[PDB]
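Here Cβ is always computed from backbone atoms with ideal geometry, including for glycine, and neighbour counts include all displayed protein chains. What follows draws every value from the coordinates through simple rules; no lab data is involved.
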Amino acid sequence: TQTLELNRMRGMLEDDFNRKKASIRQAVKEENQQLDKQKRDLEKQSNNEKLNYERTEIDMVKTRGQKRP
Amino acid sequence: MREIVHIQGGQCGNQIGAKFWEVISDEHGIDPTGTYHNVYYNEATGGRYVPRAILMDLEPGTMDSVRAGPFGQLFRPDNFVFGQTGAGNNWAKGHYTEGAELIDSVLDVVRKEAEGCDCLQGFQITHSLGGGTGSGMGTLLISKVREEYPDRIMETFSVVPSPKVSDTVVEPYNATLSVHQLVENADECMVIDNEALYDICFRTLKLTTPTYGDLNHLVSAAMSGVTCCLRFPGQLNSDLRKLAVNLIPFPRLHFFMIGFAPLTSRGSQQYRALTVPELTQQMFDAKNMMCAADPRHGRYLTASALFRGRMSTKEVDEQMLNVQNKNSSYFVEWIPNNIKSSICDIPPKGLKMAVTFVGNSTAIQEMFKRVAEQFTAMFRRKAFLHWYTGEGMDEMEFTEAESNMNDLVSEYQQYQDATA
Ligand SMILES: Nc1nc2c(ncn2[C@@H]2O[C@H](COP(=O)(O)OP(=O)(O)O)[C@@H](O)[C@H]2O)c(=O)[nH]1
């Protein structure tokens, strides 16, 4: 009975340790998923901003007609 | 902080210098009264900024010129050293009789500028070479300041006369008389010529009626972009000497070429992007440099390129390596990695990327060649000689100057020959 009381100790401790480590790994996976959104969004913002700026530049250039004094 | 003195001789040099000071003011946002809106400017009591420059000519008319255009109100009257006659296109006047009568005062005020300064790095000169005032008085000042300030380096943006653009007919004499004296007391004689500027402004930007204004604008742009990697931070900084070591392996092979990018017109700017591949594909061409010496007719002993804006050093350096491993025929082999870059984190007003390119090539000898050529067909007949022999000038000057021209061109020729 004592050796069973102790083997269940070992078993419970190990089947808790492993679940804890797997939880840590899942948390790291979530952290990387989160980090991905930064490079997903900053690039979108910079793309839209380049679009706006270069469109405004095209406009300002094209807005040169004739003077006719 | 590595201050710079700014000499402007002759009418051409003075107009170009006015253009350059107004471009600089456009860069650091200094309205034409000298208020905000120390490498170039000096503080005057009241927070005013007076450009640390000095102007000179023998015809006070040019005075009024620099008082006409905007940003003319900046320069200080305590540096306006001027004559009365005007060198009248002759090199004798502005070097032996009348020039030497004003070199004293101009050197005095230059000493007043320099001795007050503590961190002085290098000089800079803007002057024609056929015009008597510019060529003569400027080369005399160069001789003086370089026998007095030996260590520091020089910069003479000499605007050489090209023959296809005819202005006067005494250009070769003054040209050679200047170039013989430039090769000793000046370490960086970066040449420009109105032929290349006319060609560029015609067939690169479709300008309708180009006048000297926009040409001086382009030269001022190049001159600013040269040292823009000094007054502003950058991921890989450079200065005058970092240029002046990677570009000149000898005490005589110190004659350069200039270039600037990018340039396009309204009806054409909707089609080109702005990345270092495109700027590189534009800057190394022939119609994108400001010297009438076809670069593909030789090689480059060396070349540096100062970028302005913010890019990823990898793209710049890979583009350099690629263009060096592609046009290897137009490059020289006995010096490895014969190109150099310098990234600077400040673009010009209104752009994102800009390139100022300098190149020591073995193809500009041709230029000097043709000038010396004219000399022959104007010296064997001894034409227009008495205007020189009347002011102590003797015949040894012309013959030894042509000798030195031949020596220089043979140097560049044998280095085009020199391989390994
Ligand atoms: N690109 C350009 N060339 C100029 C300018 N002004 C003069 N040049 C040339 O300079 C040459 C004459 O030099 P100049 O200074 O007038 O004679 P000097 O006063 O005796 O030295 C001529 O070939 C002019 O065409 C300018 O503003 N821009």
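Below is a table of values for the structure above.
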{"read-out": "Principal axis dimensions, largest first and in whole angstrom, of the range B:158-256 by Cα", "value": "42, 35, 17"}
{"read-out": "Equivalent ellipsoid, chain B (semi-axes from 5 times Cα gyration tensor eigenvalues, Å)", "value": "32, 28, 20"}
{"read-out": "Which of B:6, B:127, B:37, B:180 has the fewest Cβ neighbours within 10 Å, and the rest in rising order", "value": "B:37, B:180, B:6, B:127"}
{"read-out": "The range B:229-363 - percent relative contact order, Cα under 8 Å, separation 6 or more", "value": "41 percent"}
{"read-out": "Ordering of A:59-68, A:7-16 by burial proxy (mean other Cβ atoms within 10 Å per residue, highest first)", "value": "A:7-16, A:59-68"}
{"read-out": "Among beta bridges that DSSP assigns inside the protein assembly as shown, antiparallel share in %, nearest 5", "value": "45 percent"}
{"read-out": "Translational diffusion coefficient (Stokes-Einstein; Kirkwood radius from C-alpha pairs) of the protein assembly as shown at 25 °C, 0.890 mPa s, in µm²/s", "value": "97 µm²/s"}
{"read-out": "Cα pair distances in the range B:255-364, grouped into 5 Å bins until the bin that holds the longest one, percent each", "value": "2, 11, 23, 25, 19, 12, 6, 1, 0"}
{"read-out": "Estimated [θ] at 222 nm from DSSP helical runs (n ≥ 4, -39500 (n - 2.57)) normalised by residues in chain B, nearest 500", "value": "-12500 deg cm²/dmol"}
{"read-out": "Alpha-carbon centroid distance for the pair the range B:259-313 / the range B:159-190, whole angstrom", "value": "26 Å"}
{"read-out": "The range B:126-165: trypsin sites (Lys or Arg not before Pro) falling in loop per DSSP and having at most 13 other Cβ within 10 Å", "value": "B:164"}
